[PDB]
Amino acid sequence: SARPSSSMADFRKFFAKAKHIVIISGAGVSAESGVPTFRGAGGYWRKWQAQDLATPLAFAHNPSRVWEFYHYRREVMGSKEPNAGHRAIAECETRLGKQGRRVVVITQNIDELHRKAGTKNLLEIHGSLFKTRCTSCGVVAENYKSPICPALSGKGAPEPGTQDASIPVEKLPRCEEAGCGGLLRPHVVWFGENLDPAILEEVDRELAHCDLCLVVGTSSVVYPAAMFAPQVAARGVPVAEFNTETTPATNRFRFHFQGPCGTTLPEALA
């Protein structure tokens, strides 16, 4: 069989010399903090997974339901914090940056735990649970309010059987800019939407110049993110995958380190 190396010594040879390290992170990193991701092993919200609710069409049809889901997700972050994987990554960035070596995190996650852990060079390619965008005027705003709007207070219960709140659109979250009052939506990239062109340019720049790439906690089923680390590997650059399981991309990489990132990464990035 054709399986990548699990030699930490061999990895460390590349790590010691890298001037430009790209770390791609996914839902497995957030899962280690207890964040429910609602895909793969990450559970269900009522009857649904993220693929069912995080879509333009779900939000067209039942914007109260989609906002209930995102509200639940916002509110549970109250009890979720960065883990040893987040900290290994942030500390590595800090330590390497003092030596003039660059570390950039490209994250699929929307829960801002890499920000909270102190990562500075962060590309949030799918947006943020704590940002809104207006469906009419297009302005993006940071929003941490708990609850986001009065009508959502105590709604979002995840239990199967929980009935739709059916909040009238006028009482869901609304633009507060002079003269808009649009419906807001979460500033999150949904299935079926494209990624911001500006961010993808920044991503391609990092991938084209990096000399080592880590893919951490990624199922490597969500595109286009899942295509980033294979592209690096095809330039001959070493790519190490850190994940609890093998994925469809595993055999494209030079290393696979099995386990929770919070166990493997502090060792790898030391």
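One rule holds for the numbers: they count along the sequence shown, beginning at 1. Definition used throughout: the rigid core is the maximal C-alpha set that superposes within 1.5 Å between two forms.
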>> After superposing on the rigid core, which of 230-238 and 207-215 has its C-alpha atoms sitting farther from this form in 8 other deposited structures of this protein?
In response: 230-238
> Once the rigid core is matched, which of the two stretches, 81-89 or 162-170, lies farther off on average in 8 other deposited structures of this protein by C-alpha?
Replying inline: 162-170
>> When the Cα temperature factors in the entry are averaged, is it 201-209 or 214-222 that ends up higher?
In response: 201-209
>> Tell me which stretch, 238-246 or 48-56, has the higher mean Cα B-factor listed in the entry.
In response: 48-56
> In this PDB entry, which of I125, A157, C92, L113 has the top CA B-factor?
Replying inline: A157
> In this PDB entry, which of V76, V188, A141, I106 has the top CA B-factor?
Replying inline: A141
> Once the chain's modelled residues are ordered by C-alpha B factor and cut into thirds, is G26 in the lowest, middle or highest one?
Replying inline: lowest
> Comparing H86 with the other modelled residues of its chain, is its CA B-factor in the lowest, middle or highest third?
Replying inline: lowest
> By the record's CA B-factor, is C137 among the lowest, middle or highest third of residues in the chain?
Replying inline: highest
> Should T37 be placed in the lowest, middle or highest third of its chain by the C-alpha B factor in the entry?
Replying inline: middle
> How does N194 rank on Cα B-factor within its chain, lowest, middle or highest third?
Replying inline: middle
